[PDB]
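A.B. asks: test case, fold it:
(9 chains)
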Amino acid sequence: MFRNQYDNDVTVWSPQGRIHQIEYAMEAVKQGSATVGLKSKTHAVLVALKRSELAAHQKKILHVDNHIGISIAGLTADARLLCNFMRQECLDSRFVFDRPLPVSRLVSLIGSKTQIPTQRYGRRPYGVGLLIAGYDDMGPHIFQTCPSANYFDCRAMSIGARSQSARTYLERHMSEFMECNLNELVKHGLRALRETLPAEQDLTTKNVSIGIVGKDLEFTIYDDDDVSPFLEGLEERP
Amino acid sequence: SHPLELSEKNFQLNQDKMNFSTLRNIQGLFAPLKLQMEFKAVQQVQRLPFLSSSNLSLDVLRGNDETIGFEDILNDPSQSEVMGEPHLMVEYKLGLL
Amino acid sequence: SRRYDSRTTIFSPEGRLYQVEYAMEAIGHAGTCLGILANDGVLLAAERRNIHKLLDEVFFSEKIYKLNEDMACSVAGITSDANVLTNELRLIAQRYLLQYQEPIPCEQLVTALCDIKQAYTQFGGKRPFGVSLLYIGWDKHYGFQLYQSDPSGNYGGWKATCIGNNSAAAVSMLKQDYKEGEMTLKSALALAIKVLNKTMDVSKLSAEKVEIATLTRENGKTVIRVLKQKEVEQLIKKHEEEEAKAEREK
Amino acid sequence: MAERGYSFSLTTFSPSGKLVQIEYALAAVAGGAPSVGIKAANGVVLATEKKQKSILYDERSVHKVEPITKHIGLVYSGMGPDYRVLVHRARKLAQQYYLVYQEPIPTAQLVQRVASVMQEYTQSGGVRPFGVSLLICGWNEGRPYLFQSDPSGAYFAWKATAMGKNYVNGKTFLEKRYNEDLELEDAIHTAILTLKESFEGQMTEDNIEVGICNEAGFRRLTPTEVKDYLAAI
Amino acid sequence: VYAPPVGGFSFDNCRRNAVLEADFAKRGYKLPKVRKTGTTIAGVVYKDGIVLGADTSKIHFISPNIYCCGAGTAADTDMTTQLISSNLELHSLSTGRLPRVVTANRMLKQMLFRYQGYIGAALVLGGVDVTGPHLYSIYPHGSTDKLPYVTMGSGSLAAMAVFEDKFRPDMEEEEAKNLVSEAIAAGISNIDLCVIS
Amino acid sequence: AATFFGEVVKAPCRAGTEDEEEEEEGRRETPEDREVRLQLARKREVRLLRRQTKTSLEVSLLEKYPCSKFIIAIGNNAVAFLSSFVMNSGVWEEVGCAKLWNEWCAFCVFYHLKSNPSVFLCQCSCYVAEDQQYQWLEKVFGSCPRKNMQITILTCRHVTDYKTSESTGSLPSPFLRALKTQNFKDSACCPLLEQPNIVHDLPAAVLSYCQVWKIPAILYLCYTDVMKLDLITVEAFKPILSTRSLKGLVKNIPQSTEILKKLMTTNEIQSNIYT
Amino acid sequence: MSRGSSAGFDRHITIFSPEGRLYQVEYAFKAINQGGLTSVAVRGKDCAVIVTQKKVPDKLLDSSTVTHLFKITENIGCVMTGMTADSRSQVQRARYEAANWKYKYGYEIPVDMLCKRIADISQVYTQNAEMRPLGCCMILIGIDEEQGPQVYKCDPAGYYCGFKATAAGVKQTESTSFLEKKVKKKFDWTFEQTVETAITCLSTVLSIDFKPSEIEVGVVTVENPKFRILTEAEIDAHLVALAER
Amino acid sequence: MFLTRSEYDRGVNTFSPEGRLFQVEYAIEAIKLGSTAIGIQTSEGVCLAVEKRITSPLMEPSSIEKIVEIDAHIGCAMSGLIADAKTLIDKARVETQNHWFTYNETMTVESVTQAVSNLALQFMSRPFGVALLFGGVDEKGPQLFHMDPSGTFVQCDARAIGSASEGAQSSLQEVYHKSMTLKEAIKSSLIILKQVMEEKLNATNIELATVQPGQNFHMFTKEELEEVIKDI
Amino acid sequence: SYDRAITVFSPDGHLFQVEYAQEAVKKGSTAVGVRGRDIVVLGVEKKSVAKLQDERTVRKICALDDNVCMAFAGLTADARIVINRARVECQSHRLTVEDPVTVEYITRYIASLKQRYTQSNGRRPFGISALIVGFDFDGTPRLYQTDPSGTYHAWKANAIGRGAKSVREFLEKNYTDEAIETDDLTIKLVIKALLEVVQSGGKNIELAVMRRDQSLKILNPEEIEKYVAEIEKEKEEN
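C.D. replies: Numbers count the residues shown, from 1 in each chain, chains lettered A, B, ... in the order given. Take a look at the structure below.
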């Protein structure tokens, strides 16, 4: 109620001692739909719950470079800007140094990209969280980014809408994932995505994209009926 | 045209750049940052392009207040002999041209 | 209005910029400058507003700044604004006299500073240059002219007009007692004193509380000629002689 | 009414057509350090009151009366910071003029240029006007000259004037006193006495400063000279 | 462009001016020619002051105490000394103290360095500031050395030979100006002894 | 709030007191000025009319036709719940519809069961403006408050609207709360709101009207992370059906929830501002 | 600014008041007082001095790291009173500008001219709507070839001036008055006498008969025109001599 | 326990508590204030049709508004604001001209909408008050797209935007099938535009411009429109 | 609310500040257009006299090209810039293209200049509208309308500024191929449409006559008065 005065700029503090317009950007993640992202020792899987059938094809999962891609939960102007930035970082790493770009490092580059706005007038926080899944020498990666300039390393996560259901599944089976196959790890991701869905709804190779990179595998976005073979094996919402 | 053409064209550029290099290396990143933020603020205060402007705040922040050059005393731009359209001049400064 | 009256970029429901209308009000509160285009020339009669006993004059004219050989202007409104605007009027004229070697035809020069003042409304963060200027002129195209410009850029051409204080009042007195085609500079200078004397209540136009500048043509050269103390003393005492003769007639 | 929106912004006109930040920068002038300019036969005097009257002050540091070129100087009431940066500029423009026309800048010319700085600083938005007014005197063409530039950038020649505090009282006393033919031996005394009208304490070489133009050119009067003029009046 | 124009040297004739050069040269034709000092100039240090010698004079003004001879172009020697004069007047006006010969020297050097000796100011810069009698050898290309004596221009070699033969570490004023006069006399045309204390 | 570098700018108000001063003015009560805000007054009204008479209706629906319950819904999801649960069975013949404009809005249609003209319904999927809310209570309720009429107000709220010690994200994606009237003698069913927590707009207008004329009313407030047609929101309007308030109005939950399947698959052309 | 100016007379620095006041420069003078220490400078025959009472409230805070005495060049000191960050920043600016002066000319900045520069930088802060004053009071000392010891002070509002004793900070005005009467009856103070006056001015107005680690004495002499502050031993010996006589 | 007037909806930068930039969605309401534009991508090309909403019989229906050509194969159908359409038409047209002047290839439809969302998404100091509808048959084959205030693009098979965006996209939902012919798209766009339009579809109050793999983007003539809208 | 910035939308979906520049148009002086048989005419009222005012300096019909001319009816200084700048861009085109410049071309320029002033709230949209008539290379008669919003639109009969609708509605009837065939009839038509606009005839009217062969050439008030008396004689016949 008093936060009134101090909530309408990103470059003003409150008596309470917190910037509310960064917290509102971190509510704008939730206006976008539930992406899941979970990895093993061989592969780093993403899944995306795509909110007409003719209109709004909605490209939630995006491919950044050979070794790396993302899935999108929130403001889509910002999703685009951030993804396009990452493509340039990795292009330049393979132009000068002639290698991939570490996923940790690339998520850190996005971190500082997304801090400038919040500590600048005439700017607003990039209103979107990513699930930034690459594979390095290191091994597979998931890296949650938040609409706030801070970010995480993850072995599983979900961000977007009613996405706590997924997060809960991904804690229950967190251990399974580490030692799963490509397709095992995928069905786990899809069952988190299906925990988010109402019980009256289902995956039904329709609201499923799957964005998997791994060891020889490059980041490949299975969509439409390239997700059918992964959902063949998955069975029994119960 | 002449070597000096460009040495003089970018004289001020390739001095205050050198000042910021010195300050970075000695004082720290903060010292250029602070000076820069002052300069840009006080050269968001002048007339529209098409009137000749007396920017007392920017000049004294550089230490030019008590220093003349050929820049000042040749090719008098305050009695400019070639001016454009007021509106179109302002558009150019805005970056609409 | 209480809104739409701030930035000079912000229109009203009606479609009004009240900022620019308040710059017109700032002309309202300024030296009466009464111009009367004539046959023989075109005169620029005035109220010499500032006439304090300690106040000194080390200038050629008070409100009347000349532009080139062939043009002069007056000033009613914001004084500092006017200083930079009247320097700019000279410089405009001289750039045309540098490229085309002709003394700027009158409309061009008026219009040029109107574009400046129209930018100073268009672009918000600038203040509407709160001056009106009455341009006595000669050119090869349109013989003699009188002009006005406004803070807005809205400019006109005139047979007689006024700017400043009791300005609409003065224009009414001109519309009574002006006779387009008959009006020599003689009878225009008579009308000028008359209308000043009728519109403002300054003793009997004290000659140091009025000033005229007559842009005439003599041996095919334009002659911008301030009227002496002596010579407006002659115009006002003759106006008062006629007043007294007419007082005896009535 | 309050009409306070109009009295914050310097880029606005008021309902009736007033520029009110100008008026409030002239209010900063009108709470200034009393100065008196008396353009006399044999040169001008700029006799002023010092904003220090202290036991602790270095006489050689601060000057109300500063030269711009040899033959010109000026004095101020209102703002010291503002004054000082305006006269750094004044000196520049005098020397620019002497590199272009090789003529010691006329008092009128210089006045225009420093009042064109004042013009810009009322015009633009996101700045304030200067809260200081300048009695820019000096000697040219076998003639004394005095002017009075403003926060707004309106400037006017003067025979006799005053600014700062009890300064309308200054000009009243000075209208009663100043003669057209009053020469500078007697104008320094007159300016000392115009200060006495607008003074608070006992007046001494410390508590006032004086500086004059001449045939020769502009200077400041030594503490000795100022107390000798105060002893002679 | 619709960009406000600025001041300084304008480099627009340049290539078209060099087309004039090329044509006229080729045919055997004259274009107006640069006017020079071609002066013997001189300077010395003595116990407690400076003298500046020249021939007809090359000795120009900088500050009340600082003077500055001119060899090279006449245009450019006069221009630089006049502009640097104005600069040291501005410096002094604020400082409160007559300006220094180190100030004069730094400024001249730095200005002539910016314009890379395309402007001909080979100057002998002699003042007696607070820190005492200073003499320099300002050059067109923005070089200088702080020397007890230096000669430049038209018979500099003969003048310098006289100097170095007939110099004493700490002179008297009259023998110091005697030296600069006989040095000018060797290079040459009235001797021009601008003595400073 | 500065269009140029260093524009003198003022703060947004909690009280809109400058707006109350603009009220005072009425644009200096100028004839054209007062005329055009009366053109905006007849733009921004309600106009109760039914399309069986195809006329306009004057005074009342609840004192005009008998009222025993009156089942309100204020939001897409609130009216989706009355579409789903109450009106899977029955006629619910239309008697009325508030025909309004505001900037933001969308139908405001009134009904009453054919079996029981007694029992009444509203579906306000639109928004009614702060000025039009008392005009809306001067239409359907009209005058002569009965206190013989269970005013079952349902409303869809945002998870963020709710005040709590944990963050607005820490709140469970769905819940609902109650606020019910002195008279109302039946269960809150959900928890009643907290002290800091308040409501406003038309649902508040109805429950506040009800309280001052001591009428049984309850304001169900579905604080859900979505504000758009969602199975979970309408099955968090579920609890209402299994209270007195909505017990003889709901039918056959299998039928209802298959109809709700339909409501979900109606779909939008949803804009491309998130993905 | 980017966000802009602020409706109200005391709410932005580029808005004049009905009376004709700028109020955020007067609140930058409240920021001198917010400092929480007093400084006293004392000029003399041979020496200029700058003393300030010491505070280091936290035991842990290493007392070596916490001072209000800085130097700008070898020959020219300051003492500060006001806000730590802003005072360190004004000290740093004085270094840049002293070096700029010296680079431009090839002789070092005078005390008065450095004070003038910092006061002109402050004038620009207070005329511009983006920037604000540095709420800190720089009190330069140093020996001049011609003019000898130079006690000068420069302000957040941006007014520079010379003095023969200065006092600033919390007891600013109380200590100004102490020094008025000391200087009224001045004895062409040498190193000892100037430092005595300054120490004991602070020890009167704050009423703290100091330990060596409850004051900080910076001082310069014609003897040693290098600005040089005292050791615990030296500043102790001063206080001991003021207690003995 | 008090009501506050907090505004996040005056500023395009300002987020609601829920995290909404309202001015973008208020520019979506400005697309809805504009004229209905129905495009249908097929196997045998992509069509664009759009209503002109001609009001008077004094305004010239012979003149062409609401639809444009950008190269050989691609144009788009504008809907919302024609003033804002113009600057994004220019982007598309110049950057595909540049593609033909760089690679000697005409730029793919996905890449033209990339170029257009680089000139958009840049708030012009307001969320672009136009939606374009980029219908080209590129190297890859037929392609419809949709642009919005937020600045971004998204790929389409059958899209209706503008006045009756969802009024006419629900008709497309029933009418369009994957194996549509370009003839079908043409007629279906038009007949659904007809049953949207409050006026009766003649060739004067519609712009259609359609592309096939074979026959490059052209503007359906008075007579071609007349023939189809006689049948439909 | 959203009428305190040029560059904001509303829930109803409007730029009200841009529509307030169109209210500044609406406070105009009736400017009328016709696009006839190898003729175009721009009748526009003189509105006010002021006894002692030169009329040369204040005219409502300005000529842009050999084969383009316009009739502005909003703000005066705003329109002066638009018209000056329409001649700038006309000359740019003419020089580069080597074409007698299209009417449409410069109506699109005037429109796009006003669009360039619609897209900042640190600028204002020129609150003026012009009836830019004329001919093409080949000689096709033209009439257009340009708006503060910054759209161009094609027309046959037009009527803008003061009493816009009144005089447009006159033309809805009186604009016909048998009032068009000849140049007399199109001059008569705009005069008789301004004999709806303003009381006085041949008195407060200022009427441009550009043909396929000819250019603006402003008429005399005697020439217009002849045609006022011709339609008065037609009214005597009827």
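
A.B. asks: where do the strands sit along the chain?
C.D. replies: No chain was given, so I picked chain A. Defined through DSSP state E, the strands belonging to chain A, from first to last, are A:35-39, A:43-48, A:61-65, A:68-74, A:128-130, A:133-136, A:139-140, A:156-159, A:209-214, A:220-222.

A.B. asks: oops, wrong one, chain E.
C.D. replies: Listed in chain order, the strands of chain E (DSSP E) span E:44-46, E:49-52, E:60-61, E:67-68, E:71-72, E:121-122, E:125-129, E:132-136, E:194-196.

A.B. asks: do the same with chain F
C.D. replies: Here chain F has its strands, by DSSP E, at F:69-74, F:93-97, F:108-112, F:120-124, F:150-158, F:217-224.

A.B. asks: middle-most residue in chain D, spatially?
C.D. replies: Taking C-alpha atoms, centre = their mean, the centroid of chain D lies closest to residue D:135, which sits 2.8 Å from it.

A.B. asks: center of the chain - which residue?
C.D. replies: No chain in the question, so chain A it is. The centroid of chain A falls nearest to residue A:131 when counting by C-alpha atoms, centre = their mean (2.1 Å).

A.B. asks: looking at chain E here, not the other one
C.D. replies: Ranked by distance to the mean C-alpha position of chain E (C-alpha atoms, centre = their mean), the top residue is residue E:123 at 2.1 Å.

A.B. asks: chain neighbours aside, what residue packs nearest to that residue?
C.D. replies: The shortest distance from residue E:123 to any residue other than its chain neighbours is 4.0 Å, reached at residue E:138 (C-beta to C-beta, 6 or more residues apart in numbering or on different chains). In this view, the C-beta of every residue, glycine as well, is placed from N, C-alpha and C.

A.B. asks: looks like the one you found contacts residue E:68 (just checking).
C.D. replies: Yes - with contact defined as C-beta atoms under 8 Å, residue E:138 reaches residue E:68; the gap is 7.2 Å.

A.B. asks: where's residue G:224 relative to residue G:76, distance?
C.D. replies: For residue G:224, the distance to residue G:76 under the criterion C-beta to C-beta, to the nearest Å works out to 13 Å.

A.B. asks: between the two, who's got more neighbours?
C.D. replies: residue G:76 (27 against 14; other C-beta atoms under 10 Å in any protein chain shown).

A.B. asks: so what's the nearest residue to that one once chain neighbours are set aside up against?
C.D. replies: Setting aside the residues directly before and after it, residue G:76 is nearest to residue G:142 in space (C-beta to C-beta, 6+ apart), at 3.5 Å. Contacts were defined as C-beta atoms under 8 Å, 6 or more residues apart in numbering or on different chains; by that measure residue G:142 touches G:48, G:75-77, G:110-111, G:149-150, G:220, G:225, G:227.

A.B. asks: other residues contacting stretch F:29-44?
C.D. replies: Contacts of stretch F:29-44 from elsewhere in the structure, counted by C-beta under 8 Å, 6+ apart, are C:13, F:26-27, F:100-102, F:129, F:131-132.
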